[PDB]
Amino acid sequence: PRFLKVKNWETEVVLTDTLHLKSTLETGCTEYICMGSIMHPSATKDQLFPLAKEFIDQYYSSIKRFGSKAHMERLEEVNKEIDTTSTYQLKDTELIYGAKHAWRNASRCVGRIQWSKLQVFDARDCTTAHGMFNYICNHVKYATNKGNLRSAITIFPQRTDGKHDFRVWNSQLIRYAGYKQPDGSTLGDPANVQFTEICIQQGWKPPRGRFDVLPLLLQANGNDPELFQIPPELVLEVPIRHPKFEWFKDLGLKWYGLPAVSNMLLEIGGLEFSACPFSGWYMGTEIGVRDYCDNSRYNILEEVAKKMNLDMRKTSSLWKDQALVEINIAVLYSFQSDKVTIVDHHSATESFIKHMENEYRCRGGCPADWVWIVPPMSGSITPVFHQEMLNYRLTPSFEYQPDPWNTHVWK
Amino acid sequence: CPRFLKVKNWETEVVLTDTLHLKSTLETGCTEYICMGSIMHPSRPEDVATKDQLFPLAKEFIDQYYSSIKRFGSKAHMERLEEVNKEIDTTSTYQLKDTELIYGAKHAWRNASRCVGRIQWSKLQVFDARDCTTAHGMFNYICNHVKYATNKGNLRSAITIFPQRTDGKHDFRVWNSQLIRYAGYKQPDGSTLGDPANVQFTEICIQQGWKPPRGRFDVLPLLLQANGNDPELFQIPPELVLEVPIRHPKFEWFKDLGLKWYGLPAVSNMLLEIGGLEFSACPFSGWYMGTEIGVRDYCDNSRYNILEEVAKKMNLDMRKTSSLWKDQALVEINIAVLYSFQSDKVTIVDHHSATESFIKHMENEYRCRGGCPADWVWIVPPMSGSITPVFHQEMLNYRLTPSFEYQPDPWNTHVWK
Ligand code: HEM
Ligand code: HEM
Ligand SMILES: Cc1cc(N)nc2cc(-c3ccc(OCC4CCC4)c(CN)c3)ccc12
Ligand SMILES: Cc1cc(N)nc2cc(-c3ccc(OCC4CCC4)c(CN)c3)ccc12
Ligand SMILES: C[C@H](O)[C@H](O)[C@H]1CNc2nc(N)[nH]c(=O)c2N1
Ligand SMILES: C[C@H](O)[C@H](O)[C@H]1CNc2nc(N)[nH]c(=O)c2N1
Ligand SMILES: [Zn+2]
């Protein structure tokens with residue numbers, strides 16, 4: 001256990017990490033094998049209180065009332081409540097604190113300079129899929145804000161016995177359908193082929209277009225999930241056009257403005273919130289590099305490069321790289337022209353470096369996953385490429401969880 | 001402690017199974033509670049390996065060698081072991097056979113987790129220079145290496161291995177970080193002429209007596225240390241230094257930037273570790289991936305930094321980042337680099353071809369060897385990461401021996417005569 005230095009090899013700034021000593025969860029690495037590029041490496045009454053205590057301790061530390069009378073009483077209150085009921089309920093203040101710090105601790109998120117501006121919607125009183133739909137509609141409307149996007153999270157009731165889980169079966173609140181074609185190719189988003197088929201199996205009548213917004217598939221209290229249509233006036237979309245290539249609009253592309261991830265698990269003080277959709281705004285490469293140009297995604301690189309009359313016979317002409325830049329120029333230009341919040345990867349990584357300085361100064365460190373922070377294009381011409389980073393696991397945290405259709409027992 | 005580890009390719013869904021990690025030797029710097037995968041170097045000169053330290057390291061290497069030639073447990077294996085054990089017992093070190101030197105050099109490359117070019121690992125020309133005694137002799141060896149590896153533009157990978165460390169006060173060192181590098185000169189007004197990466201080494205050469213041309217692309221002299229003596233300066237014969245003028249297939253004006261680069265990347269400041277023996281002077285060379293020149297050598301802010309001037313000549317809007325003018329310029333610079341090498345028939349590989357080859361290599365190594373240590377942070381190219389197949393490939397990073405290692409710069413440790 002020592003202070004660890006991280007160096008920026010471009011600015012020669014050296015930061016000293018003390019926060020990693022507070023980490024208690026594991027990373028997946030060992031002294032002998034590093035698993036930094038593995039995507040997914042690796043409760044009862046008895047285990048719950050220490051986890052609760054650790055979180056309550058840090059909550060009262062954060063508000064400069066550690067050891068105070070209310071700190072004492074809250075610990076005695078949580079211990080007694082776990083005794084009698086095998087669980088406990090978070091105060092509203094603790095819920096907000098926990099949610100913001102889960103975002104603050106998300107080592108893979110380049111957007112964390114914004115972490116303390118998070119609108120937290122408490123939905124722990126929800127009991128049915130219809131109520132989930134209401135809460136989700138309100139979240140989408142608030143977060144969208146006519147294009148002036150606002151970060152938000154909506155937190156549904158925590159897991160109890162594991163048989164009554166609340167789940168949003170969608171991976172994002174807003175995504176486009178994908179259809180397995182007769183010949184074998186894909187109409188729409190190939191990332192959502194399985195989920196789309198589930199919705200059709202569940203009664204959804206698919207328009208079978210290239211940009212069909214998917215219905216919500218919502219599971220309350222462990223019951224069978226139910227389908228809902230997001231009111232279309234709440235779904236903000238940007239048609240993608242290019243500022244110089246007049247033909248780009250003829251590609252017929254568009255995307256949605258609100259990135260709202262809804263399949264992750266929020267963990268606070270030992271409690272597990274299996275339904276907790278959270279939303280911010282996009283970095284342009286999320287759409288223009290990954291969602292449009294991945295092999296198993298929309299894969300428009302070939303067509304764009306053709307329209308640019310590029311030499312596509314050899315890889316060394318870098319025709320993919322040229323078309324990739326133009327696609328990302330069009331995405332940024334399109335969102336900005338419609339006044340929908342978006343950030344480019346130069347600005348976002350610049351902000352993250354500034355964020356890192358803040359966290360080392362006030363918190364003693366910032367867990368960061370270089371593999372995920374560095375953008376998927378033009379990596380070394382962003383400031384994070386040359387920034388050393390220490391990755392470690394703090395709680396409260398967002399965690400992965402299995403897709404519900406693998407675990408659910410239909411009634 | 002499970003015996004098998006799985007890695008997944010999230011683009012193709014191929015799953016590979018790693019058992020080779022069981023043979024990892026030294027620490028990564030990571031723990032179960034922290035990952036140091038993005039730290040550049042996560043893990044006294046006279047402090048050399050002792051007898052009791054050297055015995056197991058030699059045995060492990062000899063065993064691995066005789067296993068690779070399908071002679072494990074043979075009479076030759078046992079006799080080699082006994083011979084090595086008696087050398088260490090009576091001389092505190094031992095000498096590798098030529099076969100073992102060659103095997104060990106090829107395998108340090110095969111084990112280099114940060115190298116994307118390892119599909120070529122078994123095609124490495126090994127030059128045994130362990131009979132060298134003086135810096136003039138090192139210069140002779142290095143000149144021959146350069147000429148052989150350059151091969152009039154049809155580049156061939158090669159390593160030259162000088163005598164191993166003994167007591168730590170008689171080290172052979174190449175003080176250059178690469179055999180061919182351009183000088184950098186800091187001006188009184190703070191600006192830099194030439195290559196900013198090499199200002200410190202350039203200043204050392206000048207102090208040692210080098211008369212610098214004070215140009216933009218001045219090939220640096222070799223600064224060579226034999227047997228722990230003070231290092232000596234030599235000029236590489238310019239006819240041995242193959243260079244490529246950088247021009248662009250569509251932009252007439254690109255040649256007017258006056259850019260060029262050298263054909264042969266030849267890293268000369270690393271240490272080669274084989275069976276506990278330490279080869280502190282072991283320059284090795286291959287051929288370039290274009291982005292090593294076009295992204296890092298030209299566009300890094302602390303390097304040649306020509307993004308601005310290119311973007312101006314392209315008449316891009318440079319007043320806001322969201323126009324991606326930097327991204328546009330970077331692609332064209334890398335187009336020019338590849339077109340220039342190809343037009344001059346100098347071997348080079350683009351980052352699409354290189355990463356596709358590495359994936360095929362990595363799958364073959366999992367199949368035949370049981371794994372392939374790979375450092376994602378270094379394997380993924382510095383531009384267009386996610387449109388190359390390595391971006392979506394999970395990797396396991398661990399340290400196998402024989403290995404290439406970092407070592408301290410020699411001017412920080414050398415005891416001047
Ligand atoms: C406000 C603007 C935000 C921006 C620009 C942003 C940007 C990003 C990006 C680019 C990624 C990588 C995405 C990918 O590669 O597909 C990411 C990951 C992530 N973000 Fe943020 N984000 C923002 C807000 C938020 C918010 C509000 C939360 C939660 C309250 C959050 C939590 C996360 C998590 C949990 C991950 C991934 C961690 C994992 O998969 O293990 N982000 N973010
Ligand atoms: C044959 C063509 C080769 C290609 C295309 C190639 C490519 C590369 C690249 C692109 C890197 C990362 C460089 C950077 O980002 O600065 C690298 C690193 C490396 N390569 Fe290769 N390489 C080749 C040959 C070789 C040979 C012949 C050897 C040794 C015999 C070697 C050993 C290494 C090592 C030790 C490293 C980096 C390890 C470190 O710095 O920690 N490579 N290579
Ligand atoms: C709030 C927010 C804003 C934003 N601008 N971007 C965001 C991106 C993610 C995100 C990215 C990748 C992920 O991993 C899944 C990969 C396998 C296929 C993609 C996950 C985990 N669901 C989340 C999560 C939240 C984001
Ligand atoms: C045979 C070969 C061919 C090739 N095409 N490329 C090669 C690149 C390296 C290499 C790259 C980066 C390195 O580290 C540099 C960091 C310190 C500052 C940045 C080192 C370590 N000297 C070696 C080594 C050998 C190479
Ligand atoms: C295999 C690799 O770890 C995986 O593809 C990761 C790499 N880095 C990433 N980085 C971001 N931001 N998003 C991703 O989906 C990924 N994928
Ligand atoms: C901070 C970071 O680890 C460092 O800048 C690394 C990142 N990855 C790299 N990858 C390669 N191939 N070469 C490099 O020089 C670097 N630099
Ligand atoms: Zn690690």
# chains A, B, ... in the order shown; residues from 1 in each chain; ligands from 1

call {"tool": "interface_residues", "arguments": {"of": "chain A", "to": "chain B", "cutoff": "7 Å", "atoms": "only C-alpha atoms", "output": "count of residues only"}}
result
43

call {"tool": "residues_near_ligand", "arguments": {"ligand": "ligand 1", "cutoff": "7 Å", "atoms": "only C-alpha atoms and all ligand atoms", "output": "ChimeraX atom specification"}}
result
/A:99-100,102-103,106-112,114-115,118,151-153,278-283,286,343,348,372-373,398-400

call {"tool": "residues_near_ligand", "arguments": {"ligand": "ligand 2", "cutoff": "6 Å", "atoms": "only C-alpha atoms and all ligand atoms", "output": "list in words"}}
result
residues 109, 112, 114, 115, 116, 117, 120, 157, 284, 285, 286, 287, 288, 289 and 404 of chain B

call {"tool": "write_last_selection", "arguments": {"atoms": "N, CA and C atoms", "output": "PDB file, in the first residue's frame"}}
result
ATOM      1  N   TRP B 109      11.077 -11.820 -28.963  1.00  0.00           N
ATOM      2  CA  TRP B 109      10.150 -11.137 -29.858  1.00  0.00           C
ATOM      3  C   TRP B 109       8.776 -11.793 -29.806  1.00  0.00           C
ATOM      4  N   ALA B 112       6.821 -10.528 -26.903  1.00  0.00           N
ATOM      5  CA  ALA B 112       6.718  -9.081 -26.686  1.00  0.00           C
ATOM      6  C   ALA B 112       5.249  -8.666 -26.779  1.00  0.00           C
ATOM      7  N   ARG B 114       3.626  -6.058 -26.406  1.00  0.00           N
ATOM      8  CA  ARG B 114       3.245  -4.782 -26.997  1.00  0.00           C
ATOM      9  C   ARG B 114       3.459  -4.724 -28.501  1.00  0.00           C
ATOM     10  N   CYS B 115       3.971  -5.792 -29.116  1.00  0.00           N
ATOM     11  CA  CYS B 115       4.347  -5.767 -30.526  1.00  0.00           C
ATOM     12  C   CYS B 115       3.207  -6.330 -31.372  1.00  0.00           C
ATOM     13  N   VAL B 116       2.685  -5.509 -32.288  1.00  0.00           N
ATOM     14  CA  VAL B 116       1.666  -5.965 -33.230  1.00  0.00           C
ATOM     15  C   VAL B 116       2.246  -6.720 -34.419  1.00  0.00           C
ATOM     16  N   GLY B 117       3.559  -6.716 -34.592  1.00  0.00           N
ATOM     17  CA  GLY B 117       4.088  -7.375 -35.764  1.00  0.00           C
ATOM     18  C   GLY B 117       4.565  -8.794 -35.549  1.00  0.00           C
ATOM     19  N   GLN B 120       5.597 -12.381 -37.685  1.00  0.00           N
ATOM     20  CA  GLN B 120       6.889 -12.535 -38.338  1.00  0.00           C
ATOM     21  C   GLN B 120       7.978 -13.085 -37.413  1.00  0.00           C
ATOM     22  N   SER B 157      13.945  -8.313 -40.991  1.00  0.00           N
ATOM     23  CA  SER B 157      14.075  -8.136 -39.553  1.00  0.00           C
ATOM     24  C   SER B 157      15.342  -8.810 -39.047  1.00  0.00           C
ATOM     25  N   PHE B 284      17.603  -4.288 -32.513  1.00  0.00           N
ATOM     26  CA  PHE B 284      16.732  -5.104 -33.343  1.00  0.00           C
ATOM     27  C   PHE B 284      15.870  -4.196 -34.211  1.00  0.00           C
ATOM     28  N   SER B 285      15.550  -4.684 -35.400  1.00  0.00           N
ATOM     29  CA  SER B 285      14.895  -3.859 -36.397  1.00  0.00           C
ATOM     30  C   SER B 285      13.890  -4.693 -37.177  1.00  0.00           C
ATOM     31  N   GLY B 286      12.816  -4.032 -37.613  1.00  0.00           N
ATOM     32  CA  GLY B 286      11.868  -4.652 -38.519  1.00  0.00           C
ATOM     33  C   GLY B 286      11.524  -3.703 -39.646  1.00  0.00           C
ATOM     34  N   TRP B 287      10.236  -3.386 -39.789  1.00  0.00           N
ATOM     35  CA  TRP B 287       9.776  -2.355 -40.701  1.00  0.00           C
ATOM     36  C   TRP B 287       8.621  -1.623 -40.031  1.00  0.00           C
ATOM     37  N   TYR B 288       8.275  -0.487 -40.602  1.00  0.00           N
ATOM     38  CA  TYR B 288       7.350   0.423 -39.943  1.00  0.00           C
ATOM     39  C   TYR B 288       5.898   0.025 -40.190  1.00  0.00           C
ATOM     40  N   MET B 289       5.061   0.259 -39.183  1.00  0.00           N
ATOM     41  CA  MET B 289       3.638   0.491 -39.394  1.00  0.00           C
ATOM     42  C   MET B 289       3.465   1.992 -39.624  1.00  0.00           C
ATOM     43  N   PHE B 404      12.328  -8.890 -23.948  1.00  0.00           N
ATOM     44  CA  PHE B 404      12.932  -7.581 -24.085  1.00  0.00           C
ATOM     45  C   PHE B 404      12.417  -6.713 -22.950  1.00  0.00           C
TER      46      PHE B 404
END

call {"tool": "closest_residue", "arguments": {"among": "A:174, A:251, A:39, A:132", "to": "ligand 3", "atoms": "only C-alpha atoms and all ligand atoms"}}
result
A:39

call {"tool": "atom_distance", "arguments": {"atom1": "atom CA of residue 69 of chain A", "atom2": "atom CA of residue 83 of chain A"}}
result
21.1 Å

call {"tool": "closest_residue", "arguments": {"among": "A:185, A:127, A:401, A:8", "to": "ligand 4", "atoms": "only C-alpha atoms and all ligand atoms"}}
result
A:8

call {"tool": "residues_around", "arguments": {"residues": "residue 224 of chain B", "least_positions_apart": "2", "cutoff": "7 Å", "atoms": "only C-alpha atoms", "output": "list in words"}}
result
residues 135, 173, 174, 175, 222, 226, 231, 232 and 233 of chain B

call {"tool": "write_last_selection", "arguments": {"atoms": "C-alpha atoms", "output": "PDB file, in the first residue's frame"}}
result
ATOM      1  CA  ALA B 135      33.341   0.299 -29.882  1.00  0.00           C
ATOM      2  CA  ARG B 173      25.505  -0.334 -24.539  1.00  0.00           C
ATOM      3  CA  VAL B 174      24.187   1.498 -27.546  1.00  0.00           C
ATOM      4  CA  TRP B 175      23.475   4.962 -26.124  1.00  0.00           C
ATOM      5  CA  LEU B 222      26.104   6.323 -33.026  1.00  0.00           C
ATOM      6  CA  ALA B 226      32.036  -1.440 -25.264  1.00  0.00           C
ATOM      7  CA  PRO B 231      31.269   5.635 -25.247  1.00  0.00           C
ATOM      8  CA  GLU B 232      32.636   6.710 -28.615  1.00  0.00           C
ATOM      9  CA  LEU B 233      31.029   8.593 -31.520  1.00  0.00           C
TER      10      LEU B 233
END

call {"tool": "closest_residue", "arguments": {"among": "A:40, A:327, A:57, A:211", "to": "ligand 5", "atoms": "only C-alpha atoms and all ligand atoms"}}
result
A:40

call {"tool": "residues_around", "arguments": {"residues": "residue 107 of chain B", "least_positions_apart": "6", "cutoff": "10 Å", "atoms": "only C-alpha atoms", "output": "MDAnalysis selection string"}}
result
chainID B and resid 101 121:122 274 400:404

call {"tool": "write_last_selection", "arguments": {"atoms": "N, CA, C and O atoms", "output": "short mmCIF file (atom, residue, chain, number, x, y, z; two decimals), in the first residue's frame"}}
result
data_model
loop_
_atom_site.label_atom_id
_atom_site.label_comp_id
_atom_site.auth_asym_id
_atom_site.auth_seq_id
_atom_site.Cartn_x
_atom_site.Cartn_y
_atom_site.Cartn_z
N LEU B 101 21.00 -19.05 -28.23
CA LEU B 101 20.95 -17.62 -28.50
C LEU B 101 19.87 -17.29 -29.53
O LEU B 101 19.02 -16.42 -29.31
N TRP B 121 7.63 -13.48 -36.18
CA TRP B 121 8.63 -13.66 -35.14
C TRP B 121 9.68 -14.71 -35.51
O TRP B 121 10.85 -14.58 -35.14
N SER B 122 9.28 -15.77 -36.21
CA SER B 122 10.27 -16.82 -36.48
C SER B 122 11.20 -16.47 -37.64
O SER B 122 12.19 -17.18 -37.85
N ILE B 274 17.69 -13.67 -21.55
CA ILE B 274 17.58 -15.08 -21.94
C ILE B 274 18.19 -15.92 -20.82
O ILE B 274 19.38 -15.79 -20.53
N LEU B 400 6.26 -13.33 -20.31
CA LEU B 400 7.04 -14.55 -20.50
C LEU B 400 8.50 -14.20 -20.78
O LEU B 400 8.80 -13.13 -21.31
N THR B 401 9.41 -15.13 -20.41
CA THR B 401 10.83 -15.06 -20.72
C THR B 401 11.21 -16.16 -21.71
O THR B 401 10.62 -17.25 -21.68
N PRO B 402 12.17 -15.92 -22.63
CA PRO B 402 12.99 -14.73 -22.92
C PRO B 402 12.18 -13.47 -23.19
O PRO B 402 11.05 -13.56 -23.66
N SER B 403 12.76 -12.31 -22.89
CA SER B 403 11.99 -11.08 -23.02
C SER B 403 12.91 -9.89 -23.30
O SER B 403 14.10 -9.90 -22.97
N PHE B 404 12.33 -8.89 -23.95
CA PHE B 404 12.93 -7.58 -24.08
C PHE B 404 12.42 -6.71 -22.95
O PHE B 404 11.21 -6.67 -22.71
#

call {"tool": "select_by_dssp", "arguments": {"residues": "segment 176-355 of chain B", "states": "strand (DSSP E or B)", "output": "number ranges by chain"}}
result
B: 178, 182, 184-186, 192-194, 219, 222-225, 232-234, 243-245, 260-262, 266-267, 271-274, 277-279, 284-285, 288-289, 348-349

call {"tool": "residues_around", "arguments": {"residues": "segment 201-213 of chain B", "least_positions_apart": "6", "cutoff": "12 Å", "atoms": "only C-alpha atoms", "output": "number ranges by chain"}}
result
B: 174-178, 181-187, 192-195, 219-224, 230-235, 409-412

call {"tool": "write_last_selection", "arguments": {"atoms": "C-alpha atoms", "output": "compact mmCIF listing (two decimals), in the first residue's frame"}}
result
# COMPACT_ATOMS: atom_id res chain seq x y z
CA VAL B 174 24.19 1.50 -27.55
CA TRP B 175 23.48 4.96 -26.12
CA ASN B 176 21.11 5.73 -29.01
CA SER B 177 17.46 4.88 -28.48
CA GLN B 178 17.32 3.85 -32.15
CA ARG B 181 17.15 8.95 -35.45
CA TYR B 182 17.03 12.64 -36.34
CA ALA B 183 18.65 15.25 -34.12
CA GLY B 184 16.61 17.82 -32.24
CA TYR B 185 17.96 21.26 -31.28
CA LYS B 186 16.40 23.52 -28.67
CA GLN B 187 16.83 27.16 -29.69
CA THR B 192 12.72 23.22 -31.45
CA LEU B 193 14.47 22.43 -34.73
CA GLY B 194 14.36 18.80 -35.81
CA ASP B 195 12.86 16.02 -33.71
CA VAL B 219 20.88 11.62 -38.79
CA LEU B 220 22.43 11.26 -35.34
CA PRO B 221 25.85 9.63 -34.82
CA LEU B 222 26.10 6.32 -33.03
CA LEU B 223 27.32 6.61 -29.42
CA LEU B 224 28.69 3.18 -28.59
CA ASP B 230 33.43 5.54 -22.12
CA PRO B 231 31.27 5.64 -25.25
CA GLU B 232 32.64 6.71 -28.61
CA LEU B 233 31.03 8.59 -31.52
CA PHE B 234 30.80 7.21 -35.08
CA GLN B 235 29.03 8.57 -38.15
CA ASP B 409 19.49 5.32 -19.76
CA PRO B 410 23.26 4.72 -19.68
CA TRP B 411 24.24 8.33 -19.02
CA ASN B 412 22.39 8.13 -15.70

call {"tool": "atom_distance", "arguments": {"atom1": "atom CA of residue 315 of chain B", "atom2": "atom CA of residue 248 of chain B"}}
result
16.1 Å

call {"tool": "atom_distance", "arguments": {"atom1": "atom CA of residue 161 of chain A", "atom2": "atom CA of residue 137 of chain A"}}
result
27.8 Å

call {"tool": "residues_around", "arguments": {"residues": "segment 298-309 of chain A", "least_positions_apart": "5", "cutoff": "8 Å", "atoms": "only C-alpha atoms", "output": "list in words"}}
result
residues 188, 189, 190, 247, 248, 291, 292, 293, 319, 320, 322, 323, 324 and 327 of chain A

call {"tool": "select_by_dssp", "arguments": {"residues": "segment 181-356 of chain B", "states": "alpha helix (DSSP H)", "output": "VMD selection string"}}
result
chain B and resid 199 to 208 290 to 291 298 to 299 307 to 313 325 to 343 351 to 356

call {"tool": "residues_around", "arguments": {"residues": "residue 168 of chain A", "least_positions_apart": "3", "cutoff": "8 Å", "atoms": "only C-alpha atoms", "output": "PyMOL selection string"}}
result
chain A and resi 171+216-219+262-263+275+277

call {"tool": "write_last_selection", "arguments": {"atoms": "C-alpha atoms", "output": "short mmCIF file (atom, residue, chain, number, x, y, z; two decimals), in the first residue's frame"}}
result
data_model
loop_
_atom_site.label_atom_id
_atom_site.label_comp_id
_atom_site.auth_asym_id
_atom_site.auth_seq_id
_atom_site.Cartn_x
_atom_site.Cartn_y
_atom_site.Cartn_z
CA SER A 171 -30.83 -2.04 -23.17
CA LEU A 216 -40.66 -0.43 -23.80
CA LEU A 217 -40.67 -3.93 -22.28
CA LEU A 218 -41.11 -3.44 -18.55
CA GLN A 219 -41.05 -5.95 -15.69
CA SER A 262 -31.36 0.91 -18.85
CA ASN A 263 -29.95 -2.61 -18.41
CA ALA A 275 -33.92 -1.16 -12.75
CA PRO A 277 -32.19 3.84 -16.31
#

call {"tool": "closest_residue", "arguments": {"among": "B:229, B:113, B:150, B:343", "to": "ligand 6", "atoms": "only C-alpha atoms and all ligand atoms"}}
result
B:113

call {"tool": "closest_atom_pairs", "arguments": {"of": "chain A", "to": "ligand 6", "cutoff": "6 Å", "atoms": "only C-alpha atoms and all ligand atoms", "output": "Markdown table"}}
result
| residue | atom | partner | partner_atom_place_in_ligand_line | distance |
| --- | --- | --- | --- | --- |
| A:385 | CA | ligand 6 | 5 (O) | 5.2 |
| A:386 | CA | ligand 6 | 5 (O) | 3.4 |
| A:387 | CA | ligand 6 | 1 (C) | 4.3 |
| A:388 | CA | ligand 6 | 1 (C) | 4.0 |

call {"tool": "write_last_selection", "arguments": {"atoms": "C-alpha atoms", "output": "mmCIF file, in the first residue's frame"}}
result
data_model
loop_
_atom_site.group_PDB
_atom_site.id
_atom_site.type_symbol
_atom_site.label_atom_id
_atom_site.label_comp_id
_atom_site.auth_asym_id
_atom_site.auth_seq_id
_atom_site.Cartn_x
_atom_site.Cartn_y
_atom_site.Cartn_z
ATOM 1 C CA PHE A 385 -4.071 8.898 -24.924
ATOM 2 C CA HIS A 386 -0.900 10.071 -23.171
ATOM 3 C CA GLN A 387 -2.508 10.168 -19.716
ATOM 4 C CA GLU A 388 -1.595 7.300 -17.419
#

call {"tool": "closest_residue", "arguments": {"among": "B:42, B:215, B:168, B:263", "to": "residue 154 of chain B", "atoms": "only C-alpha atoms"}}
result
B:263

call {"tool": "closest_residue", "arguments": {"among": "A:367, A:41, A:78, A:134", "to": "ligand 5", "atoms": "only C-alpha atoms and all ligand atoms"}}
result
A:41
